[PDB]
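Note sheet for the following structure.
Backbone-built Cβ (ideal geometry, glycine too); neighbour counts: all protein chains shown. Bear in mind these aren't lab numbers, they're just calculated from the coordinates by the rules spelled out.
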């Protein structure tokens, strides 16, 4: 029942089934969520119970943060999409690592689409690292591993 | 045997004899303190340690 910490993790991006070795270190990755959308229905003479009807499944978004660094294949893909060129997809694998760098839990995302790139403010009074914020929207999520 | 010129070269200096110049004028003072330099530290951590 021993719990797992949340400060050791790794993410890998695959472009055309080719992993990017320079895009594995990130300052923060947002949690992944799935929701089953439902609507509540009420019968005629049923005034004491509730009925919930299932519908399609909604996936969340993937947010990452990273400092300013040398141009990498992930950066080039994001720039191309946000420059008005043809949209392209990417596959992401998020892994939670243990003390031996073995992924105890892993999540795979299919057809992730870059949709937002943002950067921090230029503050003359600050003591901080300039941080890029990226967000992607994917089609499907699937988890693998011995823990979850 | 230690010669006075050796002391002026190798020995440390005491604090009680000093002269202070304020602007283009010199004023005798009794105590001067606070001449320190400080810096902040910027840290960055990532997922792979």
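Return one quarter of the surface area of the convex hull spanned by the alpha-carbon atoms of chain A, equal to its mean projected area, in nm².
14.9
What order do you get for A:78, B:29 when you list them from fewest to most C-beta neighbours inside 10 Å?
With the sparsest Cβ surroundings first, the list reads B:29, A:78.
Could you calculate the FRET efficiency of residue A:5 with residue B:30 from 1/(1 + (r/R0)^6), where r is the beta carbon distance between them and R0 is 45 Å, rounded to 0.05?
The calculated FRET efficiency here is 0.20.
Distance from the Cα centre of segment B:1-47 to that of segment A:43-98, in angstrom?
After rounding, the separation between the Cα centres reads 59 Å.
Tell me, what is the percent relative contact order of segment A:20-148, built from C-alpha pairs under 8 Å that lie six or more residues apart?
24
Taking 7 Å along the Cα-to-C-beta vector as the label spot, tell me the residue A:48-residue B:43 distance in nanometres, rounded to one decimal.
Distance between the two pseudo-spin positions: 5.9 nm.
Once both labels are modelled 7 Å past Cα along the beta-carbon direction, what's the residue A:122-residue B:17 spacing in nm?
The answer from the label model is 5.4 nm.
Can you classify segment A:26-75 as rounded, prolate or oblate using the Cα gyration tensor, where a ≥ b ≥ c are the square roots of its eigenvalues, rounded means a/c under 1.5, and otherwise it's prolate if a/b beats b/c and oblate if not?
Cα axes put segment A:26-75 in the prolate bin.
So if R0 is 35 Å, what FRET efficiency would residue A:17 and residue A:99 give, r being the distance between their Cβ atoms, rounded to the nearest 0.05?
Efficiency, from the Cβ-Cβ distance: 0.70.
Tell me what the protein assembly as shown gives for mean residue ellipticity at 222 nm when only DSSP H runs of n ≥ 4 count, each as -39,500 (n - 2.57), the sum divided by the residue total, rounded to 500 deg cm²/dmol.
So the helix-based figure for the protein assembly as shown works out to -2500 deg cm²/dmol.
Kindly express, to the nearest 10 degrees and within the range 0 to 90, the angle between helix A:73-82's C-alpha long axis and the longest C-alpha principal axis of chain A.
Its long axis makes an angle of about 70 degrees.
Determine which residues of segment A:105-136 fall in the zone a paramagnetic label at residue A:65 would reach in this model, i.e. backbone nitrogen under 19 Å from the point 7 Å along Cα→Cβ.
Flagged as within label range: A:115-136.
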